[PDB]
Amino acid sequence: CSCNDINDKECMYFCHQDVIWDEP
């Protein structure tokens with residue numbers, strides 16, 4: 001997962017989700 005510009009709640013959400021995307 002990659003988060004820095006975004007918040008922790010959203011970060012962890014898709015972190016265990018493993019969103020290998022960038023543009024949805």
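Count begins at 1; order follows the chain as displayed.
Per the header: solution NMR.
Quick reminder: no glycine exception, Cβ is built from N, Cα and C everywhere.
Within the set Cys1, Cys3, Swiss-Prot assigns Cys1 as the partner of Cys15, by disulphide bond. Note: the CA-CA distance between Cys1 (disulfide bond) and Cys11 (disulfide bond) rounds to 7 Å.
Looking at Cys3 (disulfide bond) and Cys15 (disulfide bond), their Cα atoms lie 9 Å from each other.
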